[PDB]
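# Coordinate analysis (summary)
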Amino acid sequence: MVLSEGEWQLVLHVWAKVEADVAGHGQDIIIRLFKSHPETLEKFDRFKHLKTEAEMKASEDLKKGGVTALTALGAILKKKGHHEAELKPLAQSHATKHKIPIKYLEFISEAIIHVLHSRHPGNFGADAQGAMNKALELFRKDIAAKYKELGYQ
Ligand code: HEM
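Residues numbered from 1 in each chain as written, not as in the entry; some residues may be left out. Heavy atoms only, no water.

In the annotation of the PDB entry, the protein is listed under the name Myoglobin and assigned to Physeter macrocephalus. Checking UniProt for the protein, the heading Subunit contains the comment "Monomeric." Taken directly from UniProt, the Subcellular location text for the protein runs: "Cytoplasm, Sarcoplasm". (UniProt positions renumbered as here; feature names shortened; annotations may be inferred.)

Dropping the structure here:
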């Protein structure tokens, strides 16, 4: 699969709004992930004790981790598919150190789409959401191929 430039521009135009406040978007996305799929919280040894959304919102560590994760995703998206170099360390850590199944990358993709749909109707109409889904699908397809090369799943 290959995105068109027009599709990449829809992706980047909503990402530009994420970047007004990546920390707040990261909190919403990670909290949505943990609420929709609580099993995913068990993968975060630093956070797995948190019991409520209030505790999650107050966690400086969770906020910082959301900034780190979304910034890495943003760098991937800005490569517009030419992301081999960026996927290498991310695939290795997520396959081998953190043990994140592809299914959980699907869950976080769903959380990203949900939060962008809620926060950014001006830049996340149907065409823009379709483009973001395509970009995240490409990300997951390429990282899954790397997982397999690395010996995981
Ligand atoms: C868009 C998808 C994702 C991106 C771009 C991303 C990015 C990152 C980055 C950059 C780091 C720090 C460097 C590293 O260890 O690789 C990290 C750490 C981590 N990620 Fe992800 N991640 C994603 C999805 C997930 C998911 C779905 C989970 C679990 C369900 C997860 C679990 C973790 C954990 C446990 C750490 C270590 C956190 C810590 O040290 O406290 N990641 N991630």
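## Topic: helix α6 (residues 102-119)
Over its 18 residues, α6 extends 26 Å from the first C-alpha to the last, a length consistent with the 26 Å expected when each residue adds 1.5 Å. Listed in full, the buried residues belonging to α6 are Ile102, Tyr104, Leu105, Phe107, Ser109, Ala111, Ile112, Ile113, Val115 and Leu116. Tucked inside the fold, the buried residues of α6 contact α1 (5-18), α2 (22-36), α4 (60-78) and α7 (126-150). (Helix = DSSP H or I, 4+ residues; strand = E, 2+ residues; numbered from the N terminus. Expected span 1.5 Å × (residues − 1). Buried < 20%, exposed > 50% of the residue type's maximum accessible area, 1.4 Å probe, protein only. Contact = heavy atoms within 4.5 Å.)

## Details of the nonpolar core
Judged by nonpolar contacts, the single largest core of 45 residues is most densely connected at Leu77, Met132, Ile143 and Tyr147. Other than its neighbours up to four places away in sequence, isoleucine 143 contacts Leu87, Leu90, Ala91, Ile102 and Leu105. (Core = buried A, V, L, I, M, F, W, Y, C linked by side-chain atoms within 4.5 Å.)

## Quick look at the coordination of the iron atom of the ligand
No other protein atom reaches the iron atom of the ligand as a donor apart from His94 (NE2), found 2.0 Å away. When you line up the elements, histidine 94 lands in helix α5 (residues 84-97). (Donors = N, O, S within 2.8 Å, 3.2 Å for Na, K, Ca; no water.)

## Observations regarding the packing of aromatic side chains
Scanning the model with the defined rule gives 4 aromatic pairs in all. For the pair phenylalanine 34 and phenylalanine 44, a centre-to-centre distance of 5.4 Å together with 75° between the ring planes defines the contact as edge-to-face. Separated by 10 residues along the polypeptide, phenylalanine 34 in helix α2 and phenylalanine 44 in the loop between α2 and α3 (53-58) bring together distant segments of the chain. Residue class for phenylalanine 34 comes out buried when judged on its relative accessible area of 4%. Aromatic side chains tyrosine 104 and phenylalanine 107 sit 5.8 Å apart centroid to centroid with 25° between the ring planes, which places their arrangement in the stacked category. One end of the pair is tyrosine 104 and the other is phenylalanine 107, both in helix α6 and 3 residues apart, which spans about a single turn. For the pair shown, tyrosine 104 and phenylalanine 107 are each scored as buried. Ring pairing ties together the aromatic residues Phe34, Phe44 and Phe47, which thus form one cluster. (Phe/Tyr/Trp six-rings, centres within 6.5 Å; stacked < 30°, edge-to-face > 60°.)

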